[PDB]
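Just follow the structure's listing: the first ligand is 1, and inside any ligand the first atom is 1. Residues: numbered from 1 along the sequence shown. All heavy atoms count here, side chains included; hydrogens, waters and symmetry mates do not.
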Amino acid sequence: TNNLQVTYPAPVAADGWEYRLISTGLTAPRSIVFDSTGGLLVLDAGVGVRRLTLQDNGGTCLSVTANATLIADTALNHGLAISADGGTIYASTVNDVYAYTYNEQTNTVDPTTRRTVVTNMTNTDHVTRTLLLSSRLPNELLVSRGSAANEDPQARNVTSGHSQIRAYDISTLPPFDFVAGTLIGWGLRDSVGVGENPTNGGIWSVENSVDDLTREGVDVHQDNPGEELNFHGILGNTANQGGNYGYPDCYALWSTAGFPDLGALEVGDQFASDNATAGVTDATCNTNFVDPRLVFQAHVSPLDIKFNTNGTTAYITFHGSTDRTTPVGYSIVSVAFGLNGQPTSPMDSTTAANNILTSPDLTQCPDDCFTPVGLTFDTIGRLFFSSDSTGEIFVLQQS
Ligand SMILES: *[C@@H]1O[C@H](CO)[C@@H](O[C@@H]2O[C@H](CO)[C@@H](O)[C@H](O)[C@H]2NC(C)=O)[C@H](O)[C@H]1NC(C)=O
Ligand SMILES: *[C@@H]1O[C@H](CO)[C@@H](O[C@@H]2O[C@H](CO)[C@@H](O)[C@H](O)[C@H]2NC(C)=O)[C@H](O)[C@H]1NC(C)=O
Ligand SMILES: *[C@@H]1O[C@H](CO)[C@@H](O[C@@H]2O[C@H](CO)[C@@H](O)[C@H](O)[C@H]2NC(C)=O)[C@H](O)[C@H]1NC(C)=O
Ligand SMILES: *[C@@H]1O[C@H](CO)[C@@H](O)[C@H](O)[C@H]1NC(C)=O
Ligand SMILES: [Ca+2]
């Protein structure tokens, strides 16, 4: 019904994939989720939670017919989730995770129903607070929280609550203190993207790793350290959960080329930071810290991860590099997963990310490129995603 077009060289779809721009003019759209009524809720950062009414003509033929601001709150900056029954919306500021009653008869939120479920999350620099509600354990809410600086010493202290993911049984609800949740992982500089694999309920996160990396004082920031895919075990069990994934004393290797003191290190292995606390060595990184399951190209900046219904594929948004001479990212990629809920690629792979939508000319980014942020599936397996810098929502599907 509406003719919406991109204002930059359009994304390139891999063979077998098609897409359509369905919404424009949003302020800075981040997390997105469908409600029970087929409306798309958008966390529009600096505005609040917006609901988009869609007409669906099938395939990529969707049009926005109306938009409404459900929750007006300029402090909401990224995180959004909705209960499986559709009656509770969760959204986060830098400091607080709020729960609101959502009236799906009227598609309204009464602001007086707001309650704080998690608090004390405030810190500088990395200010997003991703929310994930478990499907396998529907009363479990995961909350991710990044570092206070590029290299944050408080991330060494687990009680600070910096650079870690926590889980809360919201059925047991004054709000939880952040560090009162179950520890899913710490030493996670800024793992904005957190998802659950339906094959087995495995918890996965994607990492925005350190900027300005040095190795024996040599600048190796152009191609290191890699971005990471981290595994946190099964929700409710302790196996492969609650460890320290290395920030800020250990980083993962992406590019071996010209890397000082490589030794026995391979792609995917973690090595000690030049600025690691006194006494930490490469060996400490091997024995005491948890390595990533897979690494990606340095600085692609992943922001969300969503699995399809079968659990055969995860989709990841690469929001794009900001400080690399030639830009990288600005894409949507897929990673293949096996029957045991783990990636089919080995941990030393440099080719695990398969291109779904890419920018045609990375030299133009980020000014003339989309910057994917949030993903969500609808009930029939179409993928929807936000581009915050461009104020856009897209639909994506196999043709
Ligand atoms: C949401 O709906 C409002 C109201 O229809 C839209 O605001 C209009 O935007 C158009 C340009 O697209 C203007 O020409 C109109 O004057 C605006 N109307 C009003 C009353 O403000 C808004 O653009 C829509 N936004 C989204 C994201 O759908
Ligand atoms: C790690 O972080 C925790 C955060 O709780 C620090 O504990 C606080 O320390 C400040 C300053 O010493 C005190 O004013 C608070 O009373 C402490 N809070 C608690 C819960 O006791 C701790 O000092 C930091 N250092 C560590 C523990 O290594
Ligand atoms: C280790 O910490 C030092 C902190 O000094 C970092 O070195 C800084 O790197 C930038 C280059 O991007 C220089 O402009 C600064 O001048 C350097 N030191 C300062 C601020 O005086 C180094 O990047 C860190 N190495 C990492 C993160 O691997
Ligand atoms: C948040 O931290 C303060 C200490 O700074 C603590 O007293 C409070 O209990 C924490 N949050 C809640 C609501 O427990
Ligand atoms: Ca790590």
Side-chain angles (χ1 to χ4, degrees), residues 90 92-99 114-127 129 141 143 145-164 166-170 172-183 185-190 207-228 242 244-262 265 269-282 284-285 288-289 292 295 298-299 301 321-325:
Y90 300 89
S92 58
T93 68
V94 64
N95 188 61
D96 293 294
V97 173
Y98 296 128
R114 191 186 83 188
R115 45 207 206 85
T116 304
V117 296
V118 182
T119 197
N120 278 343
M121 298 191 300
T122 194
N123 64 34
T124 52
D125 190 356
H126 301 280
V127 305
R129 307 287 182 254
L141 177 68
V143 182
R145 163 177 174 186
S147 64
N150 181 47
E151 280 173 300
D152 173 8
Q154 275 306 293
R156 292 196 178 90
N157 176 10
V158 68
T159 77
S160 75
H162 296 197
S163 292
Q164 53 189 253
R166 294 275 178 179
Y168 309 90
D169 191 338
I170 299 289
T172 76
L173 277 194
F176 289 97
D177 195 22
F178 180 76
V179 298
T182 308
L183 184 60
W186 63 303
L188 292 163
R189 180 178 171 269
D190 201 17
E207 166 80 307
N208 286 264
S209 202
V210 74
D211 294 324
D212 299 331
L213 182 78
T214 59
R215 179 56 179 192
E216 304 189 353
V218 183
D219 177 30
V220 293
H221 93 280
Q222 289 295 325
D223 286 288
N224 274 296
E227 304 290 43
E228 319 167 348
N244 184 315
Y245 290 73
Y247 172 79
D249 295 309
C250 309
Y251 299 112
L253 190 59
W254 171 249
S255 185
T256 51
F259 187 78
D261 193 13
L262 180 62
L265 289 170
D269 295 337
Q270 299 200 299
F271 59 81
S273 166
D274 281 358
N275 299 318
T277 195
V280 172
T281 67
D282 277 0
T284 320
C285 288
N288 290 29
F289 293 88
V295 281
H299 304 284
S301 300
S321 63
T322 189
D323 306 313
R324 188 185 189 260
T325 297

Open item on the list: Contact between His162 and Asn157 at the side-chain level, heavy atoms closer than 4.5 Å - yes or no?
Closed with: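 The answer is no; the side chains never approach within 4.5 Å.
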Open item on the list: Could you tell me if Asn275 and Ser273 have a donor-acceptor pair between their side chains, going purely by distance under 3.5 Å?
Closed with: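 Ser273 vs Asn275: no donor-acceptor pair found between side chains.
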Task: Any side-chain donor near an acceptor of the partner, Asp96 and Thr119, under 3.5 Å - done: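 A donor-acceptor contact under 3.5 Å links the two side chains.
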Task: salt_bridge(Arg215, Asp282) N-O dist < 4.0 Å - done: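 The answer is yes: the pair qualifies as a salt bridge.
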Task: Presence of salt bridge, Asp152 and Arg189, under 4.0 angstrom - done: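 A salt bridge is absent here (no side-chain N lies under 4.0 Å from a carboxylate O).
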TODO: Please state whether the rings of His221 and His299 are parallel, tilted or perpendicular, taking 30° and 60° as the class boundaries.
DONE: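 Correct class here is perpendicular.
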TODO: Select one of side chain, backbone, both or neither to describe which atoms of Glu151 lie under 4.0 Å from any atom of ligand 3, heavy atoms only.
DONE: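 Contact part for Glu151 vs ligand 3: side chain (C-beta onward).
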- [ ] Mind running side chain to side chain contact (heavy atoms under 4.5 Å, CB included) on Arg166 and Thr182 for me, showing each step along the way?
- [x] CA-CA 5 Å; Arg166 294 275 178 179; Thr182 308; over 6 Å; no
Just list the N/O pairs, ligand 4 to protein, that are under 3.5 Å apart, with the distance for each.
from, atom 1, to, atom 2, distance (Å)
ligand 4, 2 (O), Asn120, OD1, 3.4
ligand 4, 2 (O), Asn120, ND2, 2.3
ligand 4, 11 (N), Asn120, ND2, 2.7

- [ ] Kindly compute the distance separating CD (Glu228) from OH (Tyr251), expressed to the nearest 0.5 Å.
- [x]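 One finds 10.0 Å between CD of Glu228 and OH of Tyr251.
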TODO: Could you grab the distance from atom OG1 of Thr256 to atom CG of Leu262, nearest 0.5 Å is fine?
DONE: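 Those atoms lie 6.0 Å apart.
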TODO: Examine distances only and state if a side-chain atom of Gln164 and a backbone atom of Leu183 form a donor-acceptor pair shorter than 3.5 Å.
DONE: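 A pair under 3.5 Å: no.
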May I have every N or O pair linking ligand 2 to the protein at under 3.5 Å, one per line with atom names and distance?
from, atom 1, to, atom 2, distance (Å)
ligand 2, 2 (O), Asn157, ND2, 2.2
ligand 2, 2 (O), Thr159, OG1, 3.0
ligand 2, 25 (N), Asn157, ND2, 2.9

TODO: Using distance alone, determine whether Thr214 and ligand 3 share an N or O pair under 3.5 Å.
DONE: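 Among all N and O atoms of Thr214, at least one is under 3.5 Å from an N or O of ligand 3.
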Open item on the list: If we only consider heavy atoms of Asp274, is any one of them less than 4.0 Å away from an atom in ligand 3?
Closed with: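 So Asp274 does not count as touching ligand 3.
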